[PDB]
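Colleague: Got a sequence here, can you model it:
(one chain, ligands or ions: 2)
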Amino acid sequence: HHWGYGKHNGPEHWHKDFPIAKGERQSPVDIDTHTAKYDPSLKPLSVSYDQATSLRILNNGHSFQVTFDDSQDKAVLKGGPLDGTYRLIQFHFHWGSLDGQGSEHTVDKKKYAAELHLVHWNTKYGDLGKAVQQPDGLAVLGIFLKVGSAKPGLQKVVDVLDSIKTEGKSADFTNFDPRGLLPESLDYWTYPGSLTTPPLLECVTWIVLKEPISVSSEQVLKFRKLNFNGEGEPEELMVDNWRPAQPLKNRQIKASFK
Ligand SMILES: [Zn+2]
Ligand SMILES: [Zn+2]
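Modeller: Numbers count the residues shown, from 1 in each chain. Ligands and ions are numbered 1, 2, ... in the order given. See the structure here:
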């Protein structure tokens, strides 16, 4: 029972191998806009992706992922609620079997069509190994996708998906600019949480953007062509690869905007 998203190995089963799944600071959560309170002390987010160097794109059996060279301070995230500078290591997506669902975070219980996660680690903790042991060792920038006009910045990604259809396939993926994946506003919500996949470590400062990016139906249709399965294995279409909202428990969600 390697983990997945189906009836027999999905999010309801994860706690058996990773008991932190019933922990105190699990993600995603629902963001209720009545209770997510504006914090005037929150600094604007600093996203510097201009020197990002992408390495590869891969189907890992739970999503598709684009990886980055994190050997030095090129593509970094800082400011906002964050201490120190955070290096981008990868991004991936979550999406649904139809446009009406797919995002992991929700806003006033509304599910978006997809959710993009840009994963960064805190350099003040030396390496990724020591970072994930710390409550703010990772920062994940979360961005909602809604269906509308095409995002030109997403095109180079979706157009190579046919080359990584099944679990375990990968391809060289150089000179991709993650700047093209961002909405206009960097207005955000932030709270302390976890990885939304095993091992579910409670090491993430979540930064979820208020403004969704719009992507075309054509584009999101390319997401749904991916497989959970390996090459030549019976088809398990990669859709609904999202963990549902987990209990907020004691936590406060802060808004950077009024
Ligand atoms: Zn994996
Ligand atoms: Zn994710």
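Colleague: Just give me the neighbour total for residue 21.
Modeller: 19 (other Cβ atoms under 10 Å). C-beta: built from backbone N, CA, C; applies to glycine.
Colleague: Not counting residues beside it along the chain, what's closest to it?
Modeller: Closest residue to residue 21 apart from its sequence neighbours, by Cβ to Cβ, 6 or more residues apart in numbering: residue 15 at 3.8 Å.
Colleague: For that neighbour, what are phi and psi?
Modeller: When read as degrees, to the nearest 10, the backbone of residue 15 gives phi -60, psi -20.
Colleague: was I right about it contacting residue 22?
Modeller: Yes: between residue 15 and residue 22 there is a contact under Cβ atoms under 8 Å: 5.2 Å.
Colleague: For stretch 92-106, output the C-alpha coordinates as CSV.
Modeller: Taking C-alpha atoms only, stretch 92-106 is exported to CSV below (Å, rounded to 0.1, in the frame of the first residue of the first chain):
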residue,chain,number,x,y,z
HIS,A,92,4.3,20.9,-9.1
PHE,A,93,0.5,20.9,-9.5
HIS,A,94,-2.7,19.5,-8.0
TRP,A,95,-5.9,19.3,-10.1
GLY,A,96,-9.3,17.6,-10.5
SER,A,97,-11.3,15.3,-12.6
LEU,A,98,-13.4,18.3,-13.7
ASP,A,99,-13.0,22.1,-13.6
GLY,A,100,-15.1,22.5,-10.5
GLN,A,101,-12.5,21.0,-8.2
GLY,A,102,-8.7,20.4,-7.9
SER,A,103,-7.2,22.9,-5.5
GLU,A,104,-6.0,21.8,-2.1
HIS,A,105,-6.6,25.1,-0.2
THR,A,106,-10.1,26.5,-0.5
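Colleague: From the rest of the structure, what touches it?
Modeller: Identification of contacts with stretch 92-106 by Cβ atoms under 8 Å, 6 or more residues apart in numbering yields 27-31, 60, 63-66, 111-117, 119, 142, 144-145, 147, 196, 206, 208, 217, 220, 223-224, 237, 239-245.
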